[PDB]
Amino acid sequence: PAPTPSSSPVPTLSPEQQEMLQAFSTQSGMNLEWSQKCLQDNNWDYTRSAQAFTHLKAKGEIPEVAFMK
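Residues numbered from 1 in each chain as written, not as in the entry; some residues may be left out. Heavy atoms only, no water.

- This entry lists solution NMR as its structure determination method.

In structure tokens form, the structure reads like this:
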């Protein structure tokens, strides 16, 4: 029993990522890397994420590198 010998941590994400990220890239034009962050703040909802992303495409700060440079 100690800080090291206690519990058993594990990854937070799963295949869910690629299950979405792919269909999320073409969601509103996002790439295959910036779309993930969108699906990470919303918890991979796929709708509420890409929905807040689209509004940010012309409001927040979406580097062109995403859509297509």
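**Things to note about the packing of helix α1 (residues 16–28) against helix α2 (residues 34–41)**
So, step 1. Where α1 contacts α2, the axes come no closer than 9 Å and their chain directions differ by 120 degrees. The orientation of α1 relative to α2 falls into the category oblique. Pair α1 / α2 crosses with right-handed handedness. Facing α1, whose interface residues are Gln-17, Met-20, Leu-21, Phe-24 and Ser-25, α2 presents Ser-35, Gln-36, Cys-38, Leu-39 and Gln-40. (Axes fitted to C-alpha atoms, helices over the stretch in contact; angles between N-to-C directions. Helix = DSSP H or I, 4+ residues; strand = E, 2+ residues; numbered from the N terminus. Parallel < 35°, antiparallel > 145°, perpendicular 65-115°, else oblique. Left-handed = near helix turned anticlockwise from the far one by under 90°. Contact = heavy atoms within 4.5 Å.)

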